[PDB]
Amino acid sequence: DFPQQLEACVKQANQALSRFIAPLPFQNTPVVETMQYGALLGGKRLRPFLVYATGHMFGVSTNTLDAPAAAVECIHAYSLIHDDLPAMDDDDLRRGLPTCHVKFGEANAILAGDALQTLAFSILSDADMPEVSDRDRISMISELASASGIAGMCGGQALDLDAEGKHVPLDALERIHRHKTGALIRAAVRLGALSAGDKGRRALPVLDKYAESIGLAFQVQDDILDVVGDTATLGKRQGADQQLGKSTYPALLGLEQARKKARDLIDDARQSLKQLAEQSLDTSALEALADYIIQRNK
């Protein structure tokens, strides 16, 4: 039952984040309230899911995986807070609630996003991960940083800002999505595998292919749902991309062709999972998620 595994992942990840947010100073001040709101209230937690599902393949303990799970979700949550700001996408709705900058003001959203970024790295450097070597811990931190910064998520966000109003062609659009979305999703998978020493790293070339495909599919589905989704189901505004002239898969290719591309990427993702079930790994959660990425309505 995949919806129960989602649900359980959400609960598990939220307690992980709360564990790491609890010892922080300034509890019940605006800025920290904004971090909790942005990190913990709503969300599918698909990236934590990727961390846990990857790590679980190699038999690493869930409790260990809480660290990298919470960390990728901190980067993710920070990314949404900034992405909603007036200078960026100017959204007032996210996860069925007023966005961070709307409820707490711009200054607090900005700072809460900054602080969440930093918390991702406190967690990866300070958290208990019993069976993870120092060298491996450094590799997780290195990967998360590269995936989140100008070579990954921030760099894609900048390609996205520059492509507003230009209706860039397919190759450039692929480049935007792979960076702004794909990179962090590949970091999730990679953090899961990096928790698992030699066997985890032996799976990386293939898990990489898997991650690059679901990562891109995830963003084209995000683009598709922006066009055809209900504001009430999505938790954020239908038509937000059209309204700003964002370059997207549906705007360029139309809906049918964009759905077709997302399906091609999941077919390919499934091929890469087929190679892992040959290294004796149980890919069942990673397959269910890959389907879910393009079948979901939120």
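The numbering used is simple: start at 1 and walk along the sequence shown.
Relative to one another, 68-76 and 131-139 have unequal mean CA B-factors, and 131-139 is the one with the higher figure. On average the C-alpha atoms of 159-167 have higher B-factors than those of the other stretch, with 209-217 and 159-167 being the two compared. Of the candidates 46, 39, 273, 57, the deposited coordinates give 273 the top C-alpha B factor. Ranked by Cα temperature factor within the chain, residue 10 sits in the middle third according to the deposited record. Among the modelled residues of its chain, residue 226 has a C-alpha B-factor that falls in the highest third according to the deposited record. Ranked by C-alpha B-factor against the other modelled residues of its chain, residue 106 falls in the middle third. In the deposited entry, the Cα temperature factor of residue 126 places it in the highest third of its chain's modelled residues.
Sorting the modelled residues of the chain by their CA temperature factor places residue 92 in the middle third.
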